[PDB]
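Reading the sequence shown from the start, the letters are residues 1 to 182, 191 to 437 in the authors' numbering.
The next block holds one structure in the form of structure tokens; read it before the comments.
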Amino acid sequence: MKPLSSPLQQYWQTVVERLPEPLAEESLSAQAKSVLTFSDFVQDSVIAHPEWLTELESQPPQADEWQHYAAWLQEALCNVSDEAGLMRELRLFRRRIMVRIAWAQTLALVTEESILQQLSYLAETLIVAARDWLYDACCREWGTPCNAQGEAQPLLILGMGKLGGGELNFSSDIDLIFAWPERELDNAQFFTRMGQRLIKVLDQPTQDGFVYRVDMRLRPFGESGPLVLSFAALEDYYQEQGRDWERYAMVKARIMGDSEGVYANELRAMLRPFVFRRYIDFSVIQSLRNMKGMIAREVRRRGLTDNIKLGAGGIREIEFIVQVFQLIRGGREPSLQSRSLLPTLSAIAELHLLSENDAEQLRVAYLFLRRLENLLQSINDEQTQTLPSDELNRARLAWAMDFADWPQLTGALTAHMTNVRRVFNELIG
Numbered sequence: 001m002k003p004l005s006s007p008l009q010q011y012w013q014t015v016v017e018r019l020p021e022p023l024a025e026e027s028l029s030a031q032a033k034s035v036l037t038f039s040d041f042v043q044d045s046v047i048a049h050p051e052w053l054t055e056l057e058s059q060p061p062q063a064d065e066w067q068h069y070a071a072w073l074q075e076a077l078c079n080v081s082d083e084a085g086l087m088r089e090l091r092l093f094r095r096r097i098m099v100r101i102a103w104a105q106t107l108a109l110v111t112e113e114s115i116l117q118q119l120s121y122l123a124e125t126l127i128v129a130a131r132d133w134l135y136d137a138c139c140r141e142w143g144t145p146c147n148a149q150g151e152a153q154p155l156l157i158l159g160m161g162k163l164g165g166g167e168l169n170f171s172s173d174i175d176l177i178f179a180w181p182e191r192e193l194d195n196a197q198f199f200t201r202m203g204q205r206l207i208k209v210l211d212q213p214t215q216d217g218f219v220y221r222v223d224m225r226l227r228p229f230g231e232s233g234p235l236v237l238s239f240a241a242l243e244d245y246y247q248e249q250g251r252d253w254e255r256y257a258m259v260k261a262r263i264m265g266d267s268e269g270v271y272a273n274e275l276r277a278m279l280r281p282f283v284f285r286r287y288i289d290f291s292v293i294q295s296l297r298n299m300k301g302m303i304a305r306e307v308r309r310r311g312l313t314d315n316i317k318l319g320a321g322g323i324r325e326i327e328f329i330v331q332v333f334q335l336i337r338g339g340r341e342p343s344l345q346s347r348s349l350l351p352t353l354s355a356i357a358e359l360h361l362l363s364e365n366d367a368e369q370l371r372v373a374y375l376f377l378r379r380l381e382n383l384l385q386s387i388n389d390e391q392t393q394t395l396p397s398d399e400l401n402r403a404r405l406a407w408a409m410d411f412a413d414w415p416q417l418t419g420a421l422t423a424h425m426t427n428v429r430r431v432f433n434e435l436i437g
């Protein structure tokens with residue numbers, strides 16, 4: 001923790017003459033002040049729930065805290081009777097844990113890798129608790145537990161992108177896909201209705217805010233098609249119409265909740281031969297080259313940019329590099345079938361698919377970029393991918409990235425992106 005810079009000192013002075021009871025300046029540790037100075041999101045959250053900042057000193061957050069999320073949430077949902085009570089608690093819990101994550105990340109009390117796990121597990125935990133509670137309600141309300149010839153049918157959810165990969169952004173949509181395996193009230197209508205209530209419970213702004221903005225657009229047949237599909241229809245779609253951009257996306261797909269059952273297993277079985285082909289020819293490699301060209305043309309087109317995600321050498325190019333190796337060799341190398349980028353990168357190094365120089369530079373660039381973007385997002389809990397233009401937020405980021413000033417932060421960033429762009433250009437050359 002490098003003491004606050006001139007601009008952060010002038011801003012903190014505007015925050016103190018404004019802080020509510022019981023948060024007077026004398027009841028505040030040196031870290032509490034730096035976190036409040038860094039994040040308007042944490043400020044606003046602790047104004048309404050002052051206990052939270054008080055409870056962050058009586059028990060600071062540990063890396064493995066995510067192992068308690070599900071039990072903490074089930075305890076808070078013990079005295080919940082109706083949907084409005086479910087929604088209220090999911091919202092409160094998300095905000096409460098998010099504050100603790102912002103706390104840990106701001107002060108570097110745990111590593112970014114552990115922040116990534118905390119964010120992803122929080123989201124998993126909330127999705128699953130929501131789904132479980134609504135399954136029960138919909139069964140008790142609408143025509144009993146839905147079945148197929150006696151056997152009860154569950155709702156399965158795939159988390160996609162960074163959620164599936166266990167590397168969620170600090171302020172993020174959750175991209176999901178809904179499916180059910182095999191009637192009572194008719195299975196298809198039942199799960200559509202439940203799917204609608206689930207999206208509402210997670211995403212509807214109330215007086216307590218929302219849990220996550222939900223994005224269902226990656227599902228088969230896009231925004232226009234059904235909200236939930238049977239396994240048969242899921243299977244048919246990918247086997248018959250599935251394309252390489254879809255294989256790329258499905259590298260990340262992970263079942264939320266318990267991934268262990270006859271149904272969880274048929275799903276994983278559909279995806280394995282689709283994503284990870286065992287036989288690769290020139291047409292597969294050229295497809296990947298064309299996808300690479302499309303990214304490179306998009307970059308060239310947008311020109312000079314402060315976008316950390318889409319810029320040349322950005323997060324999206326690292327994901328592309330890694331997933332390209334997974335699509336080529338994953339079928340023959342089980343270590344490249346992981347949903348998470350960083351273990352994949354480790355396997356890429358062990359297999360000598362990249363040099364150690366290249367692989368370690370990619371890992372370090374990835375963690376720098378993710379820390380930088382997730383810190384930035386935690387300032388106001390917004391989904392921004394672009395570096396700030398204003399002096400306060402630039403000053404804020406430099407300080408939190410263990411650096412001295414903004415010119416130097418951008419120099420270190422520029423050097424990491426240069427390494428990524430070199431590896432990206434050499435990729436399937």
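A virtual CB, placed ideally from N, CA and C, is assigned to each residue, including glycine.
Legend entry - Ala420 vs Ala412 beta-carbon contact at 8 Å: Stepping through the sequence shown from its first residue, residue 420 is reached at position 412. Stepping through the sequence shown from its first residue, residue 412 is reached at position 404. Their beta carbons are not under 8 Å apart, which means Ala420 does not touch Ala412 by this criterion.
Inset, instruction - Scan the segment 269 to 342 and note each continuous alpha helix (DSSP H) run of 4 residues or more that stays entirely inside, going in chain order. - result: Complete alpha helix (DSSP H) runs here, min 4: 270 to 283, 290 to 310 and 323 to 337.
Legend entry - Three or more C-beta pairs below 8 Å linking the segment 329 to 338 and the segment 293 to 300: Yes, the segment 329 to 338 is in contact with the segment 293 to 300.
Inset, instruction - From the DSSP output, in three-state form, read off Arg262 for me. - result: Position 254 of the sequence shown, counted from the start, is the residue given in the question as residue 262. DSSP places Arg262 in strand when its eight states are reduced to three.
Legend entry - Residue(s) in a DSSP beta bridge with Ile177: Translated into positions along the sequence shown, residue 177 becomes position 177. DSSP lists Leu158 as the bridge partner or partners of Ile177.
Inset, instruction - Kindly indicate which three-state DSSP category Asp398 falls into: helix, strand or coil? - result: By one-based count along the sequence shown, residue 398 stands at place 390. DSSP, read as helix, strand or coil, puts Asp398 in coil.
Inset, instruction - Rank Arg225, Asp194 and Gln215 by C-alpha distance to the C-alpha of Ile207 and give the top, closest one. - result: Reading the sequence shown from its first residue, position 199 is the one you call residue 207. For the residues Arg225, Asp194 and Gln215, the minimum Cα distance to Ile207 belongs to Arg225.
Legend entry - Neighbourhood of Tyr271 by C-beta distance below 6 Å, restricted to the same chain and skipping five residues each side: Along the sequence shown, one-based indexing puts residue 271 at 263. Short of 6 Å from the beta carbon of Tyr271, and not among the five residues preceding or following it, lie these beta carbons of its own chain, in chain order: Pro181.
Inset, instruction - Using a threshold of 8 Å, state whether the C-beta atoms of residue 184 and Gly203 are closer than that. - result: No coordinates exist for residue 184; the numbering of the chain passes from 182 to 191 with nothing in between.
Inset, instruction - Using 10 angstroms around the beta-carbon of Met302, count the other beta-carbons present and answer buried if the total reaches 16, otherwise exposed. - result: If you number the sequence shown from 1, residue 302 lands on position 294. Answer is exposed; the Cβ neighbour count stays below 16.
Legend entry - Spatial neighbours of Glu17 in its chain, beta-carbon cut-off 7 Å, leaving aside the 5 residues before and after: Locating residue 17 in the sequence shown gives position 17, counting from the first residue. The answer is none, since no qualifying residue turns up.
Inset, instruction - Might you give, ordered along the chain, the residues of its own chain that have their beta carbon closer than 6 Å to the beta carbon of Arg347, omitting 5 neighbours on each side? - result: Here the question's residue 347 lines up with position 339 in the sequence shown. Closer than 6 Å at the Cβ level, and outside the excluded window around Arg347, lie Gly164, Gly165, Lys260 and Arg262.
Inset, instruction - Ignore the nearest five residues each way along the sequence and tell me which others in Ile436's own chain have a CB closer than 7 Å to its CB. - result: Reading the sequence shown from its first residue, position 428 is the one you call residue 436. Within the same chain, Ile436 has close Cβ partners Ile293, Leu296, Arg297, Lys300 and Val332.
Inset, instruction - Reducing DSSP to helix, strand and coil, say where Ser45 ends up. - result: Start at 1 with the first residue of the sequence shown, and residue 45 comes out as number 45. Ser45 falls in the helix class under three-state DSSP.
Legend entry - Of the residues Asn79, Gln105, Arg131 and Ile97, the one placed nearest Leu375, counting alpha carbons only: The residue you call residue 375 lines up with position 367 of the sequence shown. Nearest to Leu375 by C-alpha distance, out of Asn79, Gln105, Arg131 and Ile97, is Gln105.
Inset, instruction - Report the three-state DSSP secondary structure of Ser267 (helix, strand or coil). - result: By one-based count along the sequence shown, residue 267 stands at place 259. In the displayed model, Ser267 falls within coil according to three-state DSSP, outside both helix and strand.
Legend entry - Cβ neighbours of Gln391 in the same chain (closer than 6 Å, five flanking residues each side left out): Start at 1 with the first residue of the sequence shown, and residue 391 comes out as number 383. Spatial neighbours of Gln391 in its own chain (CB-CB distance under 6 Å, excluding positions within 5 residues in sequence) are listed in chain order as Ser171.
Inset, instruction - Measure how close the beta-carbons of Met409 and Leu417 come, nearest whole angstrom, since I'm counting them as under 8 Å. - result: Residue 409 sits at position 401 when you count from the first residue of the sequence shown. Residue 417 sits at position 409 when you count from the first residue of the sequence shown. Correct: roughly 6 Å between the Cβ atoms.
Inset, instruction - Identify whether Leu344 lies in helix, strand or coil by the three-state DSSP scheme. - result: By one-based count along the sequence shown, residue 344 stands at place 336. The three-state reading of DSSP puts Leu344 in helix, counting H, G and I together.
Legend entry - Distance cut-off 7 Å: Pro228 Cβ against heavy atoms of the ligand NAD: Annotation note on the ligand NAD: not contained in the displayed structure, which lists no ligands.
Legend entry - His424 classed as buried or exposed, judged by whether at least 16 other C-beta atoms fall within 10 angstroms: As a first step, residue 424 is located in the sequence shown; it is residue number 416 there, counting from the start. With 16 or more Cβ atoms within 10 Å of its Cβ, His424 is classed as buried.
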